[PDB]
Amino acid sequence: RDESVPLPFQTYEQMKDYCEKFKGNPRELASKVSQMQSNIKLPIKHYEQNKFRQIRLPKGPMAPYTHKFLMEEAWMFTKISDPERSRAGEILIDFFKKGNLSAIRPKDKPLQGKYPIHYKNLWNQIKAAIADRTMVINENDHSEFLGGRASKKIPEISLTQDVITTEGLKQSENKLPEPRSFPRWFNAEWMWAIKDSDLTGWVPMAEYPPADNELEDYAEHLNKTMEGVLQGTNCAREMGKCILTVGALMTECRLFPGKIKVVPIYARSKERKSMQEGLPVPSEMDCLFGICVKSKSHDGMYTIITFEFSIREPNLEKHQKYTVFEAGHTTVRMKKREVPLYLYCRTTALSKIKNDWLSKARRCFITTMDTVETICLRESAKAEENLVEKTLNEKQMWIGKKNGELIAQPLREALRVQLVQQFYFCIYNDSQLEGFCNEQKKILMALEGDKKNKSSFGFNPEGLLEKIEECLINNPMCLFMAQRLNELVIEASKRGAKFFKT
Amino acid sequence: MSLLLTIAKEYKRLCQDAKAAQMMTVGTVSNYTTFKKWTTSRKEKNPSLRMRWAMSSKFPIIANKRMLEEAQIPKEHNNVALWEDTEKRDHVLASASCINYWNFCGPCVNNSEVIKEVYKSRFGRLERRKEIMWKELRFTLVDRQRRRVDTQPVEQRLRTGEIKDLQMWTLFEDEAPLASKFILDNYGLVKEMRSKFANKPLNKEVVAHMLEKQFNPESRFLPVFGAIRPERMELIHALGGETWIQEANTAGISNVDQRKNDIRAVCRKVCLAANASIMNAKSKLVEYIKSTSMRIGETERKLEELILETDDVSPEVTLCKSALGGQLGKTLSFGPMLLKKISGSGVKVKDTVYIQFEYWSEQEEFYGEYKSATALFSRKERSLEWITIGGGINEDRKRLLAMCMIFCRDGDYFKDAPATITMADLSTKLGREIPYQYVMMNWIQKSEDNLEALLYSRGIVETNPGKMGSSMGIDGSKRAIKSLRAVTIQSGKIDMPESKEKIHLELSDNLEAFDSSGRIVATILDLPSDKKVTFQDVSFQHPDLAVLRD
Amino acid sequence: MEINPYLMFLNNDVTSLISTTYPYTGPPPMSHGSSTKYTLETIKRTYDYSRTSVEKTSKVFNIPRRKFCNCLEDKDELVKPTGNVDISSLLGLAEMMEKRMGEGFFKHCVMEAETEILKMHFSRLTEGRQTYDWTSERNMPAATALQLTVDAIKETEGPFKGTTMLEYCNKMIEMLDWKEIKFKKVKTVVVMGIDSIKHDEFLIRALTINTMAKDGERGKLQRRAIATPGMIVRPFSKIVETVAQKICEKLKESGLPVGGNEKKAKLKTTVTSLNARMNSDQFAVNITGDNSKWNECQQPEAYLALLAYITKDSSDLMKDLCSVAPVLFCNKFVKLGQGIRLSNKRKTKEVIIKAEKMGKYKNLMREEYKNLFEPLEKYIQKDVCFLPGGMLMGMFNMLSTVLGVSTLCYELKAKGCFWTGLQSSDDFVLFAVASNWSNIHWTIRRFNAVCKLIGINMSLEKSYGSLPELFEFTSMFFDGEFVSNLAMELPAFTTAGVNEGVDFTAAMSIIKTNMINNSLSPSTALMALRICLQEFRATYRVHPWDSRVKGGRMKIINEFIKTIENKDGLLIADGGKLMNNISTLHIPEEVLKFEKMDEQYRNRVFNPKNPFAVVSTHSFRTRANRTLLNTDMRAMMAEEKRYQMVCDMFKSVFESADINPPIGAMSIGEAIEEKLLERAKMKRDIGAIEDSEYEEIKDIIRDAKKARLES
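Rules used in this analysis
- Residues numbered from 1 in each chain as written, not as in the entry; some residues may be left out.
- Chains lettered and ligands numbered in written order.
- Part of a larger assembly, values for the part shown.
- Heavy atoms only, no water.
- Contact = heavy atoms within 4.5 Å.
- Buried area = accessible area lost by both parts, 1.4 Å probe.
- Salt bridge = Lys/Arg side-chain N within 4 Å of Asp/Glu carboxyl O.
- Polar contact = N/O pair within 3.5 Å; in protein donor to acceptor, adjacent residues only side chain to side chain.
- Helix = DSSP H or I, 4+ residues; strand = E, 2+ residues; numbered from the N terminus.
- Buried < 20%, exposed > 50% of the residue type's maximum accessible area, 1.4 Å probe, protein only.
- Patch = residues over 30% accessible without salt bridge, like charges linked within 9 Å, V, L, I, M, F, W, Y side chains within 5 Å.
- Areas by Shrake-Rupley, 256 points an atom, 1.4 Å probe, with all protein chains shown as cover.
- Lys, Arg positive; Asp, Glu negative; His and termini not counted.
- Charge placed at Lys NZ, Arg CZ, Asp CG, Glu CD.
- Disulfide = S-S within 2.5 Å.
- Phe/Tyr/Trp six-rings, centres within 6.5 Å; stacked < 30°, edge-to-face > 60°.
- Axes fitted to C-alpha atoms, helices over the stretch in contact; angles between N-to-C directions.
- Parallel < 35°, antiparallel > 145°, perpendicular 65-115°, else oblique.
- Left-handed = near helix turned anticlockwise from the far one by under 90°.
- Nonpolar A, V, L, I, M, F, W, Y, C, P; charged D, E, K, R; others polar.
- Pairing = 2+ DSSP bridges.

What the deposited record gives as its method is X-ray crystallography, and the resolution it gives is 3.90 Å.

Engineer: An account of the interface of chain B and chain C is needed here, citing residue identities and associated values.
Structural biologist: Listed by partner, the interface residues are 118 residues for chain B and 129 residues for chain C. Here chain B and chain C share an interface that buries about 12300 Å² over both sides, 62% of which is from carbon and sulfur atoms. For the chain B face of the interface with chain C, the top three residues by lost area are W38, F104 and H237 of chain B, together amounting to 7%. The closest approach of N and O atoms between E127 of chain C and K37 of chain B, which form a salt bridge, is 3.8 Å. The interface formed by chain B and chain C contains 32 residue pairs in polar contact. Here the element with the most residues in the side of chain B that touches chain C is helix α1 (residues 2–16) of chain B; it accounts for 11 residues.

Engineer: Help me get a handle on unusual backbone geometry, residues and values and all.
Structural biologist: Of note, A486 of chain B is a non-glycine position whose phi angle comes to about 55°, a positive value. Within the chain, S475 of chain C stands out as a residue other than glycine whose phi angle is a positive 70°. Structurally, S475 of chain C is set in the loop between β18 (472–473) and β19 (476–477).

Engineer: Could you give an account of the environment of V190 of chain B, with specific residues and numbers?
Structural biologist: All names here are of chain B. Counting through the fold element by element, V190 comes out in helix α11 (residues 189–198). By relative accessible area, which is 8% here, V190 ends up buried. For the pair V190 and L166, spaced 24 residues apart in sequence, the C-alpha to C-alpha distance is 7.0 Å. In contact with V190, not counting residues within four places along its chain, are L166, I183 and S195.

Engineer: Could you give me a rundown of a negative patch on the surface, with the residues and numbers involved?
Structural biologist: Residues and elements named next belong to chain C. A cluster of acidic side chains, namely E690, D691, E695, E696 and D699, defines a negative patch on the protein surface. If you trace the backbone, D699 turns up in helix α24 (residues 691–710). On the basis of relative accessible area, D699 is assigned to the partly exposed category, the value being 35%.

Engineer: An account of the state of the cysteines is requested, with residue identities and associated values reported.
Structural biologist: By definition, a disulfide links the sulfur atoms of two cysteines through a covalent bond. This model, assessed by the stated rule, comprises 1 disulfide over all chains. Across the disulfide from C267 of chain B sits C320 of chain B; the S-S distance is 2.0 Å. Here the disulfide of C267 of chain B and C320 of chain B is right-handed, its torsion about the S-S bond being about 125°. Note that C267 of chain B is positioned in helix α15 (residues 256–276) and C320 of chain B in helix α18 (residues 315–323), a separation of 53 residues in sequence. Judged on exposure class, the residue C267 of chain B and its partner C320 of chain B are both buried. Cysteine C297 of chain C shares no disulfide, and the gap to the nearest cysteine sulfur, in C451 of chain C, comes to 12 Å. Judged by relative accessible area, which is 0%, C297 of chain C ranks as buried.

Engineer: An account of the packing of aromatic side chains is requested, with residue identities and associated values reported.
Structural biologist: Residues and elements named next belong to chain C. Overall, the coordinates contain 63 aromatic pairs over all chains when judged by the stated rule. Centre to centre, the rings of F560 and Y601 are 6.0 Å apart; their planes meet at 75°, and the pair counts as edge-to-face. With a gap of 41 residues between them, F560 in helix α19 (residues 552–563) and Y601 in helix α21 (residues 599–605) connect regions that are remote in the sequence. For the residue pair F560 and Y601, the accessibility class agrees, reading buried in each case.

Engineer: Requested: an account of the environment of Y359 of chain B, with residues and values cited.
Structural biologist: Residues and elements named next belong to chain B. By the element assignment, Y359 lies in strand β10 (residues 358–360). Between the alpha carbons of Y359 and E498 there is a distance of 26 Å; along the sequence they are 139 residues apart. Those residues within four positions of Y359 in sequence are excluded, and the remaining contacts are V347, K348, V349, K350, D351, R382 and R409.

Engineer: Before we move on, can you summarise the packing of α1 of chain B against α24 of chain C with the specific residues and values?
Structural biologist: Running from N to C, α1 of chain B and α24 of chain C point in directions that differ by 15°, and their axes come no closer than 8 Å. The angle between α1 of chain B and α24 of chain C falls in the class roughly parallel. In the crossing of α1 of chain B with α24 of chain C, the sense of the turn from one axis to the other is left-handed. On α24 of chain C, the residues that touch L5, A8, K9, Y11, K12, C15 and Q16 of chain B of α1 of chain B are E693, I697, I700, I701, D703, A704, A707 and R708 of chain C. Along the lines of polarity and charge, the residues of the contact of α1 of chain B with α24 of chain C split into 9 nonpolar, 1 polar and 5 charged.

Engineer: Give a description of the environment of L339 of chain B that names residues and reports values.
Structural biologist: Among the secondary structure elements, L339 of chain B is positioned in strand β8 (residues 337–341). Setting aside anything within four residues of it in sequence, one finds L339 of chain B in contact with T331, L332, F334, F366, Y367 and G368 of chain B.

Engineer: So what's going on with the sheet that holds strand β1 (residues 2–3) of chain C? Which residues, and what values?
Structural biologist: One open sheet holds the 3 strands; their spatial order is β9(A)-β8(A)-β1(C), and the pairing between them is antiparallel. The open sheet terminates on both sides in strands that have one partner only, identified here as β9 (405–410) of chain A together with β1 of chain C. Bridge count between strand β8 (residues 396–402) of chain A and β9 of chain A: 6 bridges; the pairing is antiparallel. Paired with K402 of chain A across the strands is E405 of chain A, a residue of β9 of chain A.

Engineer: Please provide a residue-by-residue account of the side chain of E308 of chain A, values included.
Structural biologist: All names here are of chain A. Checked against the element boundaries, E308 lands in strand β5 (residues 302–310). You can call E308 buried: its relative accessible area is 0%. Within polar-contact distance, the side chain of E308 engages the backbone nitrogen of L70 at 2.8 Å. When sequence neighbours within four positions are dropped, the list of residues in contact with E308 reads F69, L70, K241, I265, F289, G290, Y322, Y342, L343 and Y344.

Engineer: I'd love a proper account of the pattern of salt bridges, names of residues and values included.
Structural biologist: Counted according to the given criterion, the structure contains 92 salt bridges over all chains. When the shortest N-O distance is used, the salt bridge between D658 of chain C and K651 of chain C registers 3.3 Å. Given a relative accessible area of 27%, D658 of chain C falls into the partly exposed group. Given a relative accessible area of 30%, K651 of chain C falls into the partly exposed group. Within the structure, one salt-bridge network assembled from shared partners comprises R237, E238, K241 and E308 of chain A.

Engineer: Tell me about the interface of chain C and chain A, and please be specific about residues and values.
Structural biologist: Listed by partner, the interface residues are 145 residues for chain C and 142 residues for chain A. Taken over both partners, the interface formed by chain C and chain A buries close to 13900 Å², and the fraction arising from carbon and sulfur atoms is 61%. Connecting chain C to chain A are 14 salt bridges. With a shortest N-O distance of 2.6 Å, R484 of chain A and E2 of chain C are connected by a salt bridge.

Shown next, in the form of structure tokens:
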């Protein structure tokens, strides 16, 4: 205590006295003015720094496909499910293999492939396993495949001599991630997830509760309609496969730890037919995207090996992590032609945390819902009328740009946008993204500050933009949103000018 | 029979272990409260994940072996294993599905009546919902953001310590302290509860835990929309929020809500009794309190334990409590109005001015509560510095304005002299001169033109554009043609402050409580209701009310 | 065509749709690598921010202590964060705070504190976050750590009979003078034992604080780690924390001891208050203020002085108990972390290094590491770094906010000289009023001057301001409207995890509470229900009776269905469909289904003689993982189990033990014996039990009394 004291006084008692017998004079006015002169604190104005140097963006290789699964290019394999056969969910593929799947085999010579032979062998090991049992009977191949590695350890005690006698070239270094540039494919991915798929619904939603006239009629109606719109979308498809498959793995970690297992990449959907004819039924089924392999390692992050079918030609710029093969030819048809099949392969890391949060993807619906619903109430609450139904169809939301012209869609279809946006937020979540948004909010607030002419100000915009820049590394979404905020700032500057355009 | 034996043998075993033996001997029993706290059941890092992980395996759950052995088959109907002999605890493991099976095919009868009255709380909160009508519309609602209002109200609600006493007595007798205060006075509820729950030994811990909740109004800080009855509170969410509204609700309420008001009237009369004789106000009122006996809808209960421990603090109730040792601060009463203090401070000073007077010179900012109307005021140097009204009905706004002006006490206070010297001046109560604020107060409460007088005493100006919505008319409208000075209305309600505080001090000889070394909280006589109507109410000891024949 | 979501922000107001900027739907960040980098970097930031070259060698540590208050080695970069606290002006804020609100403000607040604490049983100290157990030198849940601490005191010098926070504290201070201390330390031989330690080692171990690589933090790329202090430090911390809590509550401008739905209106009130306060000439404007390195700047040295000022009048018996809490942070030791690794350009060999042996490797590390490391060798110790001035984060949030309010509390008589607002820990909202637009600059400037005067550093990059209408506080954005966002309460919605009935009903009441406070719309909550339901059905592997889905649990339901008439009224757990709604949220599923239930069903499910807002038909314990038991942690737990069986035993004897905290001036065993005798007599005299059996029980009792006495 007696040497913990701050003041020139050393004995506690003296500090005690100055405290107890304290009466402060008005010298803090002059102390504050001198503090101010020394401060040179920045009295900032918004009109002056309104430019914000637009937004800084990184230059290098185009960012890759960080999502554990491929969406747009991914290919499906339909199967009409049995309640008792499918129930296993692990037998789904076993029953699939009796179909055409067994036929498909890739050539040794692959397009854009990083470790061909390994992946080819493994594919064979999967196919062989499926016949007997969905487990890979490997003790040694497992270790390598995990590696594609361990580092043998050395005691400090014995190490002192090898410092004195430097051998094995002793050193210490850490590494950083390489920055990437704004993706192009992302826009196309969003445009594909937005549009409705032919299959009707993917995310398993429960029944509806009994209704009283007053409130329940409203809630029940709104939900049935919104679910109706969003279940048809491809975004929902990917939500489904995510939930079902990550669920399947989450079971497999308890079922067979320290074991190698073959898990399918599937999603369940029922087809809906409204031709106005009495059809046999709306089609009830489950479709497959590809096969997946578990490897328990490290508690900690699991190592996973994804294999997806596709009908589309691979793009080196975005599929860099992916290793492509030429698999064969698959039939596609319609009536009011078989296209070659490519097999995309990769490896990735799954934290148990990521397994959990990605498994519960349904959450995204909710954050859309609120966001949507609020708009309808706030609007209708003005006219004190039921304007929900009217507002959904009439109220126009700015969705995109085409031919240099600002486009807008009704709230019901621009709903898909928010949903996709929330789904991506789920998938593409990196500490980068977190920092991005949590600093981006300041931008948005300054923006609306300018909208309603509130004459804002930001103290060190260079510093803010520096933190924004800092959190932008190699995150497709993060960067995408950056570039889209640029275009925002632009069009906004054009409407009312308290911003810059280069 | 061996049930008591094996326990003894266990004790033998434990006290043989010297380590456990010494910790069992040293110190009080209170150590158990600490000892139990040295065991968390398990790690709680990843809740939802842990559970999803848990149920994934087929046989994880811990379960009770003996009872299942006694009543039902351990084997399955579809030949999937259900039971083993493998184990440290006496509880043997089993699958999840079995539980569902006994629910289906288990042999059991006649438990229905036993259940409900155990959770009369929850079950009643259901019952109430049946009896109501419905309607639907939308609006940009302005809700009342902060009311510390009782939710989940139940008859005979009480404090935590006392309810703990009840808990003990009803659950068991074998280990209960002979607690006097609650048992002697509130017996009868003791009878009822103890009778229904002691006889049929089931769920000993659970019931206790739910009775604790059964008499505990959850007085949270919540946003309401005008319906301030503790019954609509429980299910506000379905009734509204900022853009929702529902209808036909006031009707079905528990018998409590009106009973509290009855107790307010009780306190009214009991205070009029002490008012009547000013030889002493301290030694007499206390008598009228402890003597009087209340009769609740299903119980006889003393007036003391109701007053001391009532949630709602009315101007009367304040006075009633003041006699006893009941700390209920944060409450300020002035006539019919209720107030809260939020800013600064200053001293009581004496100032004689031509119509002695007590004036405060604080730059103090306070909150105004009146029927259907809320507001914010700030006074500095005996005059209102800042003012804003968030009322609903025009009249009640005007009333607010007035009352707060009285408490404010400007120079114009003195200027208005119609009568007063004749009647209002001296109060006909053993020749007692009544305080001056309350004098002008009563003068305004007298007639309709008396309100108009001081309403005009304030500066009146044609308000400027930009104050069209804010400006207050004399009649209480938002027209802004002509309006009062140092005042602006607010399109919407005004939030109410809250403080977790307890303060108490003795009262003066004229029903005044100078609590917190001043502050004049007691307001003398709030309302001069000269009426004497009572129902199922007890009184005693020369009550000065004649109900006693020879 | 080019899809841009942000384009919708054009026409609409941002505050309403701000919930879509935050990506709360996904998972949070996670720690990778060594936490030693951040630690060291931060200590350097502490000392650097502490703008003072004044250094005095400590009499007890032989280590240079840098004590830095008043003494200011100003740097040109004044705007850059400072940590130097002018104690004189601080106590000025203290006085002009008190005289602002009462004259015995501190005296009384302290009174309340003294009261609550003097009452307090030290067992309540187990309530709290994880703290540093110094016996095993690891982090633990407070309870188990305290168990070891006390148990050690017992094995060293005899059992502890304090039963109070005071006597606990008195024993704490008594142990510093102890030259020798004994521990329950586990040593395996190819078992638990009794290790020794000296005063010199022990002192350091006491002042020691441990590093936690951050998890659960929302919204940052880099990891701002959290510190978790020692068990001997915690009580005194709780004392100050409660004092400050008392102070906090009373402040209108305080946003800390009051939160959630309350905070909201605190703002609305002070808003309309200020709007009324305005003159026709005067002009109001707001700023959203965020602070960076809030904890690093503040100094326990300054807190010691402030605490001495508050306790000036209250008592000389508790003043000395207030001053103790800071000095343990004025002399605090910081554990460094996991360490650094060595690698060759071979990816073959790796050499792990302890924190202790960094000084061995010296120039071997990269130049950055060297540059951060070399200065810290002054203050370094064998495992730990010593630092006075920095305040560790999270410990004194209360007292921190106190200081903040002290800044906003009020000054120089100037035209339009107004500022006030709210503050929670680091975060602060500032409303400034001045006659003319130019003066506002000067007034705000004066405010940051006074803040930075005592170590409050507004983040020049993060903060921003405007007309009064727009501002943000702790994820709560304002306008005419009032921050509709559910982003805050997203992961709580999912299954809580105790048991099925408890899970669902809790989930419901949550949806409710969220619907009222957070103000989410109803159809949202309906979806929220249907979701929580689906994920409930999944998490417990159950599905509707009409569901085609076949499973183990479902298979039974295939025979179940035909029997029950009212298949809707069935509980969800047994495969019942949804009956609850938005209207019936307050109502637990059991009740709502109860009336409609089948008689056989209801009686068979809720029967108390079973192998089984909180509903009671299914309640079960989740088996602990086989992870903590395999390690030496079980060898330690051998003591905790000895507590268990006793607690279980007494509860078997006294039924209400858990419900009513047992009292009376008796030993546990004595009460146990006499109560057993009473129950034996009861059962004998009138009930159905033999006499010789009663005598056999009496014999067991007395025989037990012998073994009890011998100890």
